[PDB]
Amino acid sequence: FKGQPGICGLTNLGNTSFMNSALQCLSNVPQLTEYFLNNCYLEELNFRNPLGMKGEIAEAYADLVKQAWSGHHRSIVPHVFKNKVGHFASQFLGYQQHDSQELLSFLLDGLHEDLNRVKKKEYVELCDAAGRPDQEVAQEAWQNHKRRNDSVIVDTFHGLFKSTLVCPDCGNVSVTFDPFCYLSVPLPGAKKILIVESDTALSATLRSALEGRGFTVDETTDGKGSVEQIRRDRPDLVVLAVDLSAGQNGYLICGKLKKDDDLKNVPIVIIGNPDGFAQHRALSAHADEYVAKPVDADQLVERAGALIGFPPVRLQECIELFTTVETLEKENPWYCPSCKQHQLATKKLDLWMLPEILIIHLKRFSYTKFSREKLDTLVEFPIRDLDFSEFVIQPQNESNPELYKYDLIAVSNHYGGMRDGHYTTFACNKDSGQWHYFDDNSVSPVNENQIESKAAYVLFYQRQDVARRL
């Protein structure tokens, strides 16, 4: 039939929805697809690169791109691509379910080496940043990366992080720059609140009030087990009652949490008779907030939002958390070479340079002693006008507006658990601006307000200057 170019499904070859999803994201990266449709890749095939596969990844991907954008096919069977992918990365041999960002990482790397313009990779020790301006240090680090990696992949997807360490003792500052291809951002939380309260009627009232603003709420009247339940369920906030059954004391439980080095950072809202607040602030480690009993439910909800922020989790807050100033904990001190000793230094990641196409990877997973599970909380992300000027505009940096703003072009969606699931893709067609939902063979048009869902796992963003350059 005569289909629309790029509007083409991909048959599942046996647990390969993760591959199809990654492929649909990439097919709708405009400069990559044009690079392959114009045969620009033929002149940059690197057959002697030991880290490549004799161009086979680039040629098989090119064939997929050409077939999908021909308008000749409703759907395509990418079996050759799968066989070449597995030959390059043996884990993908067979019929296993896989992570779609992992497949993308290997695919992008395969394309990069197969088209690497460097003949041989040289290791060059970076020089001390001490006393040199940030831009000069950043340039040396990018040029060290480019001396080894110079391809359309680097030109399209790679940016630069600044990482800064500050010694709390002597003030020594240590600057480093790392290239990146995936901006893997942590989640601030799941907007889950645990209520530790032996008054079950009161607890249910507060649960409804909180759920009325979108919080997930768990409840427990068992004070003895509360510390360990907090360690297991990892709530974003604890509403902790002072007077508990079986002679438990919320103030004492708070003390236990503030003494534990894992649990000391969990926000704690104490609800109790007000006449107990002065003493706890005078004698003990402060709860993060005190709310007087009979509880004004609106006041408690207001305080919860002020501490952890109202639902839902915003992509902006993931990026802000990623770039936050963090203090190294006692297990991870930095050896300051100026004062020649281990220090609980502060570390901050900054977005120094951002690529034409930005891949944002949400860390939708958690690992504790007790369980590993997927974080499935809704993360709101913008379809248009994602503005990084508040993160990139830092001392020794500037730009023009379109350089720091992005529009979404694709989303890889995951459904299921960590080890059993399914992948689909939202993607915006470069020729028409219409979004579609790709589920293996099934391709359907969608509006922009349908893209966002808790299934979103990998976001592809296109810098607003990119559309214009042609």
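Start at 1 with the first residue shown and count on from there.
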Residue range whose averaged C-alpha B-factor is higher in the record, 395 to 403 or 354 to 362: 395 to 403
Segment of higher mean CA temperature factor, 173 to 181 or 274 to 282: 274 to 282
Candidate set 227, 308, 196, 291 [ranked by C-alpha B-factor, highest]: 227
Given 84, 191, 384, 147, the residue at which the Cα B factor reaches its maximum: 191
Position of residue 240 among the chain's modelled residues by C-alpha B-factor, lowest, middle or highest third: middle
Residue 314 - Cα temperature factor, lowest/middle/highest third of chain: middle
Residue 120 - Cα temperature factor, lowest/middle/highest third of chain: highest
CA B-factor ranking of residue 427, expressed as a third of its chain: lowest
CA B-factor placement of residue 458, once the chain's modelled residues are sorted into thirds: lowest
